[PDB]
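Structural overview
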Amino acid sequence: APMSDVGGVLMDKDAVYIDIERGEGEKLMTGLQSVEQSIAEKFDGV
Amino acid sequence: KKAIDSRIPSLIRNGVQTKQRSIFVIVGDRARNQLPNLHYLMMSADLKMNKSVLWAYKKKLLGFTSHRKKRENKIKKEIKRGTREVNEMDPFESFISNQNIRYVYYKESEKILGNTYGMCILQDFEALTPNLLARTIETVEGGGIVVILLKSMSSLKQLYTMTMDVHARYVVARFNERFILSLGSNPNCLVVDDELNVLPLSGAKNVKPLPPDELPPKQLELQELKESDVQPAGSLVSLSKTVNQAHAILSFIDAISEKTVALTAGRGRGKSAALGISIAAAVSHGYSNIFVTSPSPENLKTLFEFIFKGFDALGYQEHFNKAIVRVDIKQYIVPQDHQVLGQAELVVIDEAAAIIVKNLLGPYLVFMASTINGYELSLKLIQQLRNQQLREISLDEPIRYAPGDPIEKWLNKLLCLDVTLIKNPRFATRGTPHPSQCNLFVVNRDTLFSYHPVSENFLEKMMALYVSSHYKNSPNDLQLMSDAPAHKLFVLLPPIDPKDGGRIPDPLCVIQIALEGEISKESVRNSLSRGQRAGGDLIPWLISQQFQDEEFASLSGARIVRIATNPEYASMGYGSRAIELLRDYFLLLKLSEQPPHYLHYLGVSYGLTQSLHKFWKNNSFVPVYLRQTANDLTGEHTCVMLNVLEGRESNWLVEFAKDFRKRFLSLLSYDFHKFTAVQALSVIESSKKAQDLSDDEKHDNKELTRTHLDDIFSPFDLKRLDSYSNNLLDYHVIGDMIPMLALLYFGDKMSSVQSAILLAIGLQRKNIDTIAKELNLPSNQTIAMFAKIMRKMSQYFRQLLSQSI
RNA sequence: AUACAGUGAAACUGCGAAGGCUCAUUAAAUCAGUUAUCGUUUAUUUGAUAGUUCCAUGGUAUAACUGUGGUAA
RNA sequence: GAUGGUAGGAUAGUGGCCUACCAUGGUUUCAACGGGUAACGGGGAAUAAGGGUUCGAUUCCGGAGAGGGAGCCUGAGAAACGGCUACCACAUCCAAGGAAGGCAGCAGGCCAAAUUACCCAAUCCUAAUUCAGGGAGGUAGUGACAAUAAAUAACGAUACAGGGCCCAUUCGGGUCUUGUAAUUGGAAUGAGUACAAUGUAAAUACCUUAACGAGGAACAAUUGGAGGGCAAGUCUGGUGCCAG
């Protein structure tokens, strides 16, 4: 059954509508998600 | 209900649009219940898709049981309790109770080498061997998702190492850290919470690609051109893959159908279905080919070839371990071992498997030689192909389950399957100055395995060195050379003082099979209830059973390898070994100099290897004592395993010399049962054992000569009469076979022998007849060498008679 | 209520289910009554019904239970 | 083993019930032995009903069976609806290593595929019991075969007309308070809507029953038959205006 939510996965046009170390994961999803953009090299001056 | 992210569905969309695999790494506890959603997204991105799913785990499932009658009666008694209604299933229960899941342990990953899956669920992260990684991400196909679940210790390592360079704090493992950094580098991989949020540390930006295959259309065009008989039927049955594989099958068919002899050897990677092309060409060869064919695979390892043979036969016209017997209905084929079918090679066609080079030269002589060269040595086999046989050997490397994949690129980069044989030196004559210098530096393996770009390029050079034409090692051996406690390395590459650059002249991996350090590491690892890191000590601790070797620490060579240029490369390896003996005797940067002047308290230094001739010559330039071997035929090459161990320490010379003496005493008797190898190499081994005894002993293990009454009891008086009959008459077997055992024993005991007389003593020790051993070795003057052997026997009999009697 | 003391998942226990469909056609041999069993079995019901003793309390071995595990189960 | 005798075996014991030995018996025209069914029928097998005279209450058709024969086990009672072993076929899971039960079953259907809900309150049965229960058993619901008794109106007043009805082939004859979408009046209650209480383990239903409930009493029964009549209408025929 597309256009409906078989389980929880309701399919819109392009978006998907689903539903439902602790503080470490919550902080890495709150602030430190794309904070590791300029953290790749760590002075790797190759 | 909540919209998830603009990137995680779009990644699956463009992954199935470009037919590329993709990697999800999920953290958190409630992570099993989001594989329903990712499998639904993977199917609805493109219905025309494989449905099966792997659940590789190591010891125990997460929250379920994988037995549907068991969980069915469990949910039946849950109904009978009444905490849950009848027609109710949460999506994880529905996912495991409706989908097609194949369950494997992490140990038996070799059981699923052939089949194909749409999804792979790696359950545990902390133990992930790279051979298992290479076996699962290869079988995941182009619309595929490989998901990896995590643990709180890995979350601590993630929060640590996601800042710049820090690690986790207690054998420490860096392969999983190199894994985390590679997934941070990958564009087709990202890390997701248990709540379907995003950690953008691994491939942050991802756009939805635009809505829409020329090599596939060229494949269809050339396939239809070949279509417009039974040759086209075989071509369409084979070409389930790239036009490279189709062109290879067509060219092998053209060069091996009616031309009866060519030597065609198709070389390819782990993909592309080389065995599939062989088994799909088998039916065409049975049609337009001889009545007998000869396969040379491993025994009971011909799954894809036999499956494609039966599949193509059923396509065209058909109907102690396993069954590999020959069948026909309107043909013969046998998957045999090494060439015991020399007189049974009436088959005009033989197809061999990938690399035993001398056994390959023995088997491939008088028929059409098809050969499958899997990459998974090759240069030397191509040289032996060009050194003899209209060789039309050609094949290509386009993938089968993809056209090209960043997941395959990251897997090859992390598991280090990529190689490069470029020079990149200062000079070869200036590397000969390094061969005069014998200068070596340590590896600093933590900073080496920390994935940085130039460090990874030099580490790929080091891996190409450490597995360059080696003795068939593997990715689990790379993980042992990375993440073991008893390990070190040495890169004696450059002598020059130029700018940033260099090479790898010789890698050499040590293994501290110790007493103190190994006892410390083993008492540590007994809390983790595992551990096996003492091979060279434990072989002699049962064979020779010495408390001295129980108390002395030891370094053991895991591997050591140099370039494949010339004999100067063996000179470079000898200089590296001599520099290592000098090194034993006399974040972080990815080298060491002061630690190259540092070591441990080690007594013995040994290398364990197979009994090879050049390895024996290297062991003699090494001159490390040729200690106790084992003549059990290790079925890879059939080579006997010898562990030559020097003692380079304060006071161990009497122990090592007595061990060499016991090995020498055992070898002359053990050359009768299961050591019938050579004459010159046997003399070299006896000379190496006596050289070890002479170098180690001063006058301690100095044996007395053959005593009078004991020598009278060892022979007979009439046996010595027959010896005199050989001295003044013929040396026939009525007096030269009953006494020859004691003759060869006393000759190898203790007053000199020639080269022909030494081969005669070794020939009587090997107990072969006259026309075999001397005619194989010298191949000249058979009866004259037999008379010289009789004269040496007469001189020995005259010496023993004039000594005792 | 410092050797037991009420609720009580899961285990031993006492008992429960204490009598239900289809298929091939046996003429006092299937059946019903009756005579007898000092010719015989019998839980339960009922009435009855036990006489040998030289120079202050008897033994480890298993649960449930803990702990280490295997197996897809 | 036919008939009996003697002894043993096995039995819960009697017993040619089985075996050794021995004798050649035994039933029958005073019906042996054998032949079949309205033996889905009969025999009392039993209740009978205040008029049904072989319809009209029930026990039992014969023995088996728990996939198929075989062997074993348990118990006061068994060759167990609930056990095991081996053989042969069905048959599901499986990671292909192995673990099983029986569902090769019972319900249904060939323009009525829904029974499978509530109780031991009654009668019995088991029960340690002044307690527990019994898909024994009872209660209720969907699932019409127009078979069954009632309703869809009753009673007045006023007005205004002169015609209504019957017979007969014909002419005609015979007779008499009869009509009308005319007005109008207050009484009646029943279907329905509903208080309850009773009933019952409980609930339904029957029984009893306050409140409301009629004018198109629209709170709106059918089915079939006989005959007309009409247009600036349409069609056909042809000796105007007609015939069909």
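Along each chain, numbering proceeds from 1 in written sequence order. Entry numbering may differ, and residues lacking coordinates are not shown. A letter from A marks each chain and a number from 1 marks each ligand, given out in the order of writing. Just a portion of a larger assembly is displayed, and each value is taken over that portion. The side-chain values count all of the structure's non-hydrogen atoms but skip hydrogen atoms and water molecules. Residues with missing side-chain atoms are left out of burial classes, side-chain pairs and their counts.

Its PDB header names cryo-EM as the technique used to obtain the model and reports a resolution of 3.7 Å.

**Examining the overall build of chain B**
This is how it is decided: Elements are defined by DSSP. Helices are runs of H or I of four residues or more, strands are runs of E of two residues or more, and each kind is numbered from the N terminus.
In terms of regular secondary structure, chain B is built from 34 helices and 19 strands. Each of the three principal axes of chain B carries a C-alpha extent, and together these read 105 × 70 × 70 Å.

**Here we look at the overall build of chain A**
Tallying secondary structure elements over chain A gives one helix and three strands in all. When its helices and strands are written in sequence order, chain A yields β-β-β-α. Summarising its shape, the C-alpha atoms of chain A cover approximately 55 × 30 × 15 Å along the three principal directions.

**Observations concerning the UniProt feature "binding site: ATP" in chain B**
Residue and element names in this part refer to chain B. Here is the rule we go by: UniProt positions are given in the numbering used here, feature names are shortened, and annotations may be inferred rather than shown by experiment.
With numbering matched to this structure, UniProt assigns "binding site: ATP" to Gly-268, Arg-269, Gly-270, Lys-271, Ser-272, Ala-273, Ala-274, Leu-275, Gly-276, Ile-277 and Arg-400. Along the chain, the position of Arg-269 falls in the loop between β8 (263-268) and α11 (274-287). Its location among the elements puts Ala-273 in the loop between β8 and α11.

**Notes on the pattern of salt bridges**
All names here are of chain B. Quick note on the threshold: Salt bridges are defined by distance alone: a side-chain nitrogen of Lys or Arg within 4 Å of a carboxyl oxygen of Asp or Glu.
The salt bridge involving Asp-124 is made with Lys-58; its shortest N-O contact spans 3.5 Å. Placement of the pair is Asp-124 in the loop between β5 (117-122) and α5 (130-139) and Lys-58 in the loop between β3 (53-54) and α3 (68-81), with a sequence separation of 66 residues. Of the charged contacts, one joins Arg-81 and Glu-78 as a salt bridge, the two residues approaching to 3.7 Å between their closest N and O atoms. Here the residue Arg-81 and the residue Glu-78 both occupy positions in helix α3, the gap between them amounting to three residues, near one helical turn. One network of salt bridges, in which partners are shared, links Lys-74, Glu-78 and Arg-81.

**Quick word on the UniProt feature "binding site: acetyl-CoA" in chain B**
UniProt's feature table lists "binding site: acetyl-CoA" at B:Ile563, B:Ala564, B:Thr565, B:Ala570, B:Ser571, B:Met572, B:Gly573, B:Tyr574, B:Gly575, B:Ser576 and B:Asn618, given in the numbering used throughout. Its place among the elements puts B:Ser576 in helix α24 (residues 567-585).

**Considering the sheet that holds strand β1 (residues 2-3) of chain B**
To keep things clear, this is the line we draw: Pairs of strands are assigned from DSSP output, requiring at least two bridges between the strands. Note on contacts: a residue pair is in contact if any heavy atoms of the two residues lie within 4.5 Å. Lines fitted to the C-alpha atoms define the axes, with helices restricted to the stretch that makes contact. Angles between their N-to-C directions range from 0 to 180 degrees.
Pairing is antiparallel across the open sheet formed by four strands, whose spatial order is β1(A)-β2(A)-β3(A)-β1(B). Here the strands that pair on one side only, and so sit at the sheet edges, are β1 (5-6) of chain A together with β1 of chain B. Helix α2 (residues 35-45) of chain B rests against β1, β2 (9-11) and β3 (16-18) of chain A of the sheet, and its axis sits at about 30° to β2(A).

**Let's talk about the interface of chain A and chain B**
Short version of the rule: All residues other than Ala, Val, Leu, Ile, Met, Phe, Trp, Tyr, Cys, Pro, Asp, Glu, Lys and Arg, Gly among them, are scored as polar; the first ten of these are nonpolar and the last four charged.
Of the residues lining the interface, 25 residues belong to chain A; the matching set on chain B comes to 27 residues. Going through the elements one at a time, β1, β2, β3 and α1 (22-30) of chain A are the ones with two or more residues in the side of chain A that touches chain B. Of the residues assigned to the side of chain A that touches chain B, the class counts are 13 nonpolar, five polar and seven charged. Note: β3(A) against β1(B), two bridges, orientation antiparallel. The residue of β1(B) that forms the bridge with A:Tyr17 is B:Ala3.

**Things to note about the pairing of strand β19 (residues 641-647) of chain B**
Residue and element names in this part refer to chain B. Here strand β17 (residues 604-610) runs beside β19; their pairing, made up of seven bridges, is antiparallel. When the bridges of β19 are listed, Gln-610 appears paired with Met-641. Two strands pair when backbone bridges link them, and strand β18 (residues 629-630) and β19 are joined in this way by two bridges, in the antiparallel orientation. Note that in β19 the partner of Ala-630 across the bridge is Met-641.

**Some words on the packing of helix α26 (residues 653-670) of chain B against helix α27 (residues 680-696) of chain B**
Residues and elements named next belong to chain B. We count it as follows: The cut-offs work like this: below 35 degrees is roughly parallel, past 145 is roughly antiparallel, 65 to 115 is roughly perpendicular, and the gaps in between are oblique. Left-handed is the label given to a crossing in which the near helix is rotated counterclockwise from the far helix by less than a right angle, and right-handed is the label when the rotation is clockwise.
The geometry of α26 relative to α27 is characterised by a closest axis approach of 8 Å and an angle of 155° between their N-to-C directions. In terms of their interaxial angle, α26 and α27 are classed as roughly antiparallel. When you trace α26 past α27, the crossing you get is left-handed. Together, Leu-653, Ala-657, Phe-660 and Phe-664 of α26 and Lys-689, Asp-692 and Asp-696 of α27 make up the contact between the two elements. When its residues are assigned to classes, the contact of α26 with α27 shows four nonpolar, no polar and three charged.

**Quick look at unusual backbone geometry**
Residue and element names in this part refer to chain B. Non-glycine residue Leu-196 carries a positive phi angle of around 60°. When you line up the elements, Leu-196 lands in the loop between β7 (189-192) and α8 (215-227). Positioned with a positive phi, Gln-545 is a non-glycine residue whose angle comes to about 60°. Within the element layout of this structure, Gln-545 appears in the loop between α22 (540-543) and α23 (547-551).

**A short note on the packing of aromatic side chains**
Residues and elements named next belong to chain B. Selection rule: Only the six-membered ring of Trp is used, alongside the rings of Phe and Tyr, when aromatic pairs are assigned; centres must lie within 6.5 Å, and planes under 30 degrees apart are stacked while those over 60 apart are edge-to-face, with the rest tilted.
Judged by centre distance (5.3 Å) and plane angle (75°), the ring pair of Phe-64 and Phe-92 falls under edge-to-face. On the criterion of sequence distance, the pair formed by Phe-64 in the loop between β3 and α3 and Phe-92 in helix α4 (residues 91-98) is long-range, its members being 28 residues apart. Measuring from ring centre to ring centre gives 6.5 Å for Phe-92 and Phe-95, while their planes differ by 25°; the resulting arrangement is stacked. Note that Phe-92 and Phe-95 are positioned in helix α4 at a spacing of three residues, about one turn of the helix.

**Examining the sheet that holds β8(B)**
All names here are of chain B. Pairing in this open sheet of five strands is parallel, and the strands run β8-β12-β11-β9-β10 from one edge to the other. Among the strands making up the open sheet, the edge pair consists of β8 and β10 (332-333). Two strands pair when backbone bridges link them, and strand β9 (residues 292-296) and strand β11 (residues 349-352) are joined in this way by four bridges, in the parallel orientation. Paired with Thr-293 across the strands is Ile-349, a residue of β11.

**Concerning the environment of B:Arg174**
All names here are of chain B. Heads up, the condition is: The term polar contact refers here to a pair of N or O atoms within 3.5 Å; inside protein, the definition further demands a hydrogen-donor-capable atom paired with an acceptor-capable atom, and it admits residues adjacent in sequence only when both atoms are side-chain atoms.
Here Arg-174 shows up in the loop between α6 (152-161) and α7 (175-185). Apart from residues no more than four positions distant in its own chain, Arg-174 is found in contact with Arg-445, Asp-446, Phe-449, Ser-482 and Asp-483. In this structure the side chain of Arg-174 is engaged in a polar contact, spanning 3.2 Å, whose partner is the backbone oxygen of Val-172.

**Digging into the environment of B:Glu138**
When you line up the elements, B:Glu138 lands in helix α5. The residues contacting B:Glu138, other than those within four sequence positions of it, are B:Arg21, B:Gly270 and B:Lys271.

**Topic: the environment of A:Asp5**
Tracing the chain through its elements places A:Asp5 in strand β1. Linking A:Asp5 and A:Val16, residues 11 residues apart in sequence, is a C-alpha distance of 9.7 Å. Look past the residues within four positions of A:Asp5 in its chain and what remains in contact with it is A:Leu10 and B:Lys1. Of note is the side chain of A:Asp5, whose polar atom sits 3.0 Å from the side chain of A:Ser4.

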